[PDB]
Amino acid sequence: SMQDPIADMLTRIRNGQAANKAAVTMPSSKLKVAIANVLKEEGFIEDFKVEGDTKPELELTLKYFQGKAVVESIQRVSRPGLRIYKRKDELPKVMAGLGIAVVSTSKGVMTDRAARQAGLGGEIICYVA
Amino acid sequence: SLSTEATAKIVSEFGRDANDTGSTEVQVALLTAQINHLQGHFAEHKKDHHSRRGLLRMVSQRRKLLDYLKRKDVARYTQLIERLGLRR
Amino acid sequence: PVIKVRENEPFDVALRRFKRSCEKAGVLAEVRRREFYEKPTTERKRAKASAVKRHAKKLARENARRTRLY
Amino acid sequence: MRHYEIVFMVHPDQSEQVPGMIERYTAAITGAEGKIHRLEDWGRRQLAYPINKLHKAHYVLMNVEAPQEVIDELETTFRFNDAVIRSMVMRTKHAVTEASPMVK
Amino acid sequence: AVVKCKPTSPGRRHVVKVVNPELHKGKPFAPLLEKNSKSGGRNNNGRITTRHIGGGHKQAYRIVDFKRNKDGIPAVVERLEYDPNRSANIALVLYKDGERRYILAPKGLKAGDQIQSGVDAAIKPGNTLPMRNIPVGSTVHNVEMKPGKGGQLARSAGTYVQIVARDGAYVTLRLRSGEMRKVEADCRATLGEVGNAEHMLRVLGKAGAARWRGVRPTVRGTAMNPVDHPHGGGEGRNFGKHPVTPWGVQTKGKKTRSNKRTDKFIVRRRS
Amino acid sequence: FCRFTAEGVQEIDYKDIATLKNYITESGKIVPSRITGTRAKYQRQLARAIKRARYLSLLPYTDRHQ
RNA sequence: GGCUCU
RNA sequence: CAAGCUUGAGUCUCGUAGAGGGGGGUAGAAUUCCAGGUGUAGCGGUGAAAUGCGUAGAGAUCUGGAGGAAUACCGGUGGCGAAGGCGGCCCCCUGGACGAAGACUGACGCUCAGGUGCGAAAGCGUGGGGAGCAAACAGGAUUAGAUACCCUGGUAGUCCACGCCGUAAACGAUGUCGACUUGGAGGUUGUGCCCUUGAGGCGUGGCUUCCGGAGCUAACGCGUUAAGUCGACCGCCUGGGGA
Ligand SMILES: [Mg+2]
Ligand SMILES: [Mg+2]
Ligand SMILES: [Mg+2]
Ligand SMILES: [Mg+2]
Ligand SMILES: [Mg+2]
Ligand SMILES: [Mg+2]
Ligand SMILES: [Mg+2]
Ligand SMILES: [Mg+2]
Ligand SMILES: [Mg+2]
Ligand SMILES: [Mg+2]
Ligand SMILES: [Mg+2]
Ligand SMILES: [Mg+2]
Ligand SMILES: [Mg+2]
Ligand SMILES: [Mg+2]
Ligand SMILES: [Mg+2]
Ligand SMILES: [Mg+2]
Ligand SMILES: [Mg+2]
Ligand SMILES: [Mg+2]
Ligand SMILES: [Mg+2]
Ligand SMILES: [Mg+2]
Ligand SMILES: [Mg+2]
Ligand SMILES: [Mg+2]
Ligand SMILES: [Mg+2]
Ligand SMILES: [Mg+2]
Ligand SMILES: [Mg+2]
Ligand SMILES: [Mg+2]
Ligand SMILES: [Mg+2]
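Protein chains in written order, with my numbering: chain A, 1 to 129; chain B, 1001 to 1088; chain C, 2001 to 2070; chain D, 3001 to 3104; chain E, 4001 to 4271; chain F, 5001 to 5066.
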């Protein structure tokens, strides 16, 4: 069954990049929106857009640099079978700081670097590199 | 299978709208009718294992539907099993 | 294969027609098929190899029709 | 109810008794609140192969809308009648009424 | 229903009952009873003619219609009863005119069914009609050999006779033994198999269960003296001789049929 | 090329003998669908109708049994 | 037709 | 925890396909047996032979009868089923799938230790049945031998009912459920539309076969029905023997 939408989101991104797809659509959510907000801000996708009213469809415009893909690697960390929570000291550095770790905190979803500057940790959603 | 008139007789008996056809009591009573109709079939045909699989599917579906009704509203569950003569 | 010799018909003609009709209806190969018992494993195996021979030979004939040899 | 197609094959020496059988079977159906849709005597007809050491038979086609109980009675009547040689009942989805291509 | 008994005692260890719950749990119909005095296998000379017979439970005789002459008149089946005189269950039937009779119970017969004898009878299990009126290939029982004499064939619990042919005055039968026999085509027969087919599935378990049935013990012949039996004698277990009767007749294989009167009625013997 | 697809019949009648004789061989065998080009739905209906006409002695089971 | 070992 | 929503799941309506199952009937061809007619010296079998059947009249042929079992052609990398597996025709009872439009319920779902159920053939038990085939066995050959392959026979068994066994290279040697990811040629089964201006033209669903791209893989190869990219749960592995 569809037990996990966030890994479905990441997988549709990953396969879109490998297929050289321009845009990727999926059923929207409040969290999938907050993550695409982060991925646009950090520069991995160009733009996101949610359309529709009763069942909204989130469309992501992917980003390609020099022909090849921007998102080299994207991985799910916390899963329904195994949740991962970290403190602010034990936040990870993806690719020695080059990649990011999308973290859900009490003050919303942010990157790991802003979580450290905020002085608070949370749930590690994904490693994006 | 179950006949069309018996279906509509159940739907109009236990449906709030006589057209809902998908309510929980409607699906339960339609299952209970086909099960009790097939008690005579499998009493005569005990080697129809392939049909018994469809029967056990009906039983398991009725049990899941009942358990949803139980935790959704108990009084409808009590009124239902009282009307259908169900042990559980 | 009930064959009546027609009026003013040569015998080698009617005999060749009778061999023709027996080869058409497939009698000799039927008896050769029924002289011994063949298991349903062997029957499913012979039918699968018959389909693969039909098919790889259809694609090989069509692939060699296109390209040249010298 | 359940639309049936009944065809039976009579001993040709009992060709005279055919309308007595047909009238009894029809009064069985309508007495059982059945309908009768088509009814085609085909007469004596040369068999494709000799049944019961004989070469001809009298055919009767019948399209019927009856309950299945009187049809099982009719089958037992065909079973114990020695006049009827073969009987074939074939269930049909609907009532057919057009004449057969061989009554023609 | 066969019922294996639990081994609370030896003698119940191997007992299989045959329980039929439809039988009447009461006294039989009194007008149809008569006295059946035991014999002991002894003739008018008092000598034992047939051995091993003696004792057993007292048994009243049930008058059974085998001739089956109430023609045209339908009869409903009142109840099924036990008959100790025979292996098959019997049925108490009630005619319309008020006459009650006992018949042999067929297989599928139950209380409340209608039977009817005669030529104009239908063909269902229970009816009795002549085999020139019975279709070829059917299973009948209680078959007459002579017309009006009464049924003599296929009276035991699970038996039946197939009708394989008919040539005018005769029908050819396939007896339960495998013998093919000619019978006149005017002899009555009763449709269906006889009832208690699982009778042979019983196990008596113990010796007393045979003594209840009047079967005295059988002494095998080599356990005797030579004056008593041909097999008798020996210093140890010795049997150097061919198996015979007590009267010196070969048993293993030797035929004993000597009726040249009925050989024309026998199509093929049993095999 | 299929006649039943062209004529558009919902069910083949076993009683149409001149058709079924245009689809059986001389020895009463059922002509395969490779040759006549019959769609396999109608080929199944045709075999199911021929077996009925054989039961009714409208068609032979073979040419010899005579 | 079958016709072992090294 | 409370209230929901409809996309998941399910119910309803009308249809379609199907060797899906159980039960009961029935037909035709052939085999053998039995009786009989004509007929007369071989038959049958093999690499070659012999055992075997035959003048007591076989084999061949014709007529009639019995009985059992399986259902040529259709027939097809065709179909159905959870798997095992399912093949004449008809009826009764019966399960599931799919499609079209709508309507309804509103997360009711996925997986599953233990458990329960089904589960080829062989085998067991009781009761029947018993044509053909055929372990065993017997005889003949072959051979150095031949407890074998070959031949002539032939019993359990194969068949039916009810119970038991609970295994197979029970294999796709690939657990179930769900999501995404370039294509091509087909098969089958629905369905919409275009003037069907012909059997055509354009689509849209289900199932299925072959090739093959990226990618994967030790390689072989898989390749939208994944052995690709991911998620949920279960089962299992840890050197070869011994086992
Ligand atoms: Mg349904
Ligand atoms: Mg004695
Ligand atoms: Mg004794
Ligand atoms: Mg003794
Ligand atoms: Mg002594
Ligand atoms: Mg002496
Ligand atoms: Mg001694
Ligand atoms: Mg001695
Ligand atoms: Mg060597
Ligand atoms: Mg050596
Ligand atoms: Mg809606
Ligand atoms: Mg609503
Ligand atoms: Mg499961
Ligand atoms: Mg388990
Ligand atoms: Mg077996
Ligand atoms: Mg057995
Ligand atoms: Mg047995
Ligand atoms: Mg035998
Ligand atoms: Mg052999
Ligand atoms: Mg295993
Ligand atoms: Mg298998
Ligand atoms: Mg396999
Ligand atoms: Mg495995
Ligand atoms: Mg490939
Ligand atoms: Mg991998
Ligand atoms: Mg996979
Ligand atoms: Mg692998």
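Built from N, CA and C at the ideal position, the CB exists for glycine as well.
Practice problem: Show which residues of chain F have a CB atom less than 8 Å away from the CB atom of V2052 (chain C). | Solution: Against chain F, the beta carbon of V2052 (chain C) has no neighbour under 8 Å; the closest one sits roughly 18 Å away.
Exercise. Would you give the residue range spanned by the beta strand (DSSP E) that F3080 (chain D) belongs to?
Key: Taken as a continuous stretch (DSSP letters only), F3080 (chain D) belongs to no beta strand (DSSP E), being part of the alpha helix (DSSP H) at 3068–3080.
Self-check item: Exercise answer, beta-carbon shell around ligand 4 heavy atoms below 7 Å
Solution: This selection yields E:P4217, E:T4218, E:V4219, E:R4220.
Practice problem: Tell me whether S1012 (chain B) sits in a helix, a strand or coil according to DSSP, three-state version. | Solution: Note: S1012 (chain B) maps to helix in three-state DSSP.
Quiz prompt | Test item, CB below 6 Å from any non-hydrogen atom of ligand 6 | solution = Here the list is E:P4226, E:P4230.
Quiz item: In three-state DSSP terms, what is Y5055 (chain F)?
Solution: Three-state result, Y5055 (chain F): helix.
Self-check item: Unbroken beta strand (DSSP E) run spanning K3035 (chain D), endpoints
Solution: Counting along the chain, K3035 (chain D) sits inside the beta strand (DSSP E) bounded by residues 3035–3051.
Practice problem: Could you please tell me which residues of the stretch 2010–2034 of chain C, in chain order, have their CB closer than 7 Å to any CB of chain F? | Solution: Under the 7 Å Cβ criterion, the stretch 2010–2034 of chain C contributes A2025.
Quiz item: Mind checking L4129 (chain E): buried by the 16 CB within 10 Å criterion, or exposed?
Solution: With 16 or more other Cβ atoms from the protein chains shown falling within 10 Å of its own Cβ, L4129 (chain E) counts as buried.
Quiz prompt | As assigned by DSSP and simplified to three states, the class of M3009 (chain D) | solution = DSSP, read as helix, strand or coil, puts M3009 (chain D) in strand.
Practice problem: Inspect the CB distances between the stretch 4038–4056 of chain E and the stretch 4094–4110 of chain E and report whether three or more fall short of 8 Å. | Solution: No, because fewer than three Cβ pairs between the stretch 4038–4056 of chain E and the stretch 4094–4110 of chain E fall closer than 8 Å, the two stretches do not touch.
Quiz item: Using a beta-carbon distance below 8 Å, is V2002 (chain C) in contact with chain F?
Solution: Closer than 8 Å: yes.
Quiz item: Using a C-beta cutoff of 8 Å, does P3101 (chain D) count as contacting chain F?
Solution: Residue contact with chain F for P3101 (chain D): present (Cβ-Cβ distance below 8 Å to some residue of chain F).
Quiz item: By the criterion of Cβ-Cβ separation under 9 Å, what are the contact partners of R3086 (chain D) in chain F?
Solution: Ordered by position in chain F, the residues that pass the 9 Å Cβ test against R3086 (chain D) are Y5055, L5056, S5057.
Quiz item: Over what stretch of residues does the beta strand (DSSP E) that includes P27 (chain A) continue unbroken?
Solution: Run containing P27 (chain A): 23–27, per the beta strand (DSSP E) assignment.
Quiz item: Taking the alpha-carbon positions, what's the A4207 (chain E) to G4214 (chain E) distance?
Solution: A4207 (chain E) and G4214 (chain E) have their C-alpha atoms roughly 11 Å apart.
Self-check item: Per-residue DSSP class, three states only, for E41 (chain A)
Solution: In the structure shown, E41 (chain A) sits in a helix (DSSP, three-state: H, G or I).
Quiz prompt | Limits of the unbroken alpha helix (DSSP H) element including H4141 (chain E) | solution = From DSSP, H4141 (chain E) is part of no alpha helix (DSSP H) but of the beta strand (DSSP E) over 4139–4141.
Self-check item: Helix, strand or coil at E4081 (chain E) [DSSP, three-state]
Solution: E4081 (chain E) falls in the strand class under three-state DSSP.
Exercise. Could you tell me the distance, in whole angstroms, from the CA atom of residue 4297 (chain E) to the CA atom of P4031 (chain E)?
Key: Past the edges of chain E, shown from 4001 to 4271, lies residue 4297 (chain E), and the structure says nothing about it.
Quiz prompt | Beta-carbon proximity list for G4233 (chain E), same chain, < 6 Å, skipping 5 on both sides | solution = Only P4226 meet the Cβ criterion.
Quiz prompt | Beta carbon proximity, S5027 (chain F) to chain C, threshold 8 Å | solution = It does: the Cβ of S5027 (chain F) has a partner Cβ on chain C nearer than 8 Å.
Quiz item: Got a sec? Which residues, its chain only, sit under 7 Å from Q75 (chain A) by beta carbon, not counting five neighbours each side?
Solution: Answer for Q75 (chain A): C126, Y127, listed in chain order.
Practice problem: Pick out whichever of D:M3102, D:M3062, D:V3084, D:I3051 has its Cα sitting closest to the Cα of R3038 (chain D). | Solution: With distances taken between Cα atoms, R3038 (chain D) lies closest to D:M3062.
Practice problem: Can you tell me which of B:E1013, B:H1045, B:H1041 puts its alpha carbon nearest to the alpha carbon of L1030 (chain B)? | Solution: Closest in C-alpha terms to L1030 (chain B), from the list B:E1013, B:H1045, B:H1041, comes B:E1013.
Quiz item: What residue from F:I5030, F:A5018, F:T5038, F:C5002 has the CA that sits closest to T5062 (chain F)'s CA?
Solution: Among F:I5030, F:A5018, F:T5038, F:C5002, the Cα nearest to that of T5062 (chain F) belongs to F:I5030.
Quiz item: In three-state DSSP terms, what is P4125 (chain E)?
Solution: In this structure, DSSP gives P4125 (chain E) an extended state, which the three-state scheme calls strand.
Self-check item: One or two residues paired with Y127 (chain A) in a DSSP bridge
Solution: Answer by DSSP bridge pairing, in chain order: A:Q75, A:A101.
Exercise. Please determine, among A:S29, A:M2, A:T11, A:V38, the residue with the shortest C-alpha to C-alpha distance to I100 (chain A).
Key: The shortest C-alpha separation from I100 (chain A) is found at A:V38.
Self-check item: the stretch 4115–4123 of chain E / the stretch 4071–4078 of chain E touching (three or more Cβ pairs under 8 Å)
Solution: Contact between the stretch 4115–4123 of chain E and the stretch 4071–4078 of chain E is present, because at least three Cβ pairs lie under 8 Å.
Quiz item: Can you tell me the Cα-Cα spacing of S5033 (chain F) and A5006 (chain F), whole angstroms?
Solution: Each residue's alpha carbon lies about 16 Å from the other.
Quiz item: Quick one, which residues of the stretch 3028–3055 of chain D are near chain F if we go by CB-CB under 8 Å, in chain order?
Solution: Result list: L3047, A3048, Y3049, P3050, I3051.
Quiz prompt | Terminal residues of the beta strand (DSSP E) in which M3088 (chain D) lies | solution = 3084–3091 is the span of the beta strand (DSSP E), which, as asked, contains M3088 (chain D).
Practice problem: Say whether the stretch 3047–3062 of chain D touches the stretch 2047–2058 of chain C, bearing in mind that this needs 3 or more beta-carbon pairs closer than 8 Å, one atom from each stretch. | Solution: At 8 Å Cβ cutoff, the stretches do not touch.
Quiz item: Nearest chain F C-beta to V3064 (chain D) closer than 8 Å, yes or no?
Solution: Chain F, which has no Cβ nearer than 8 Å to the Cβ of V3064 (chain D), makes this no.
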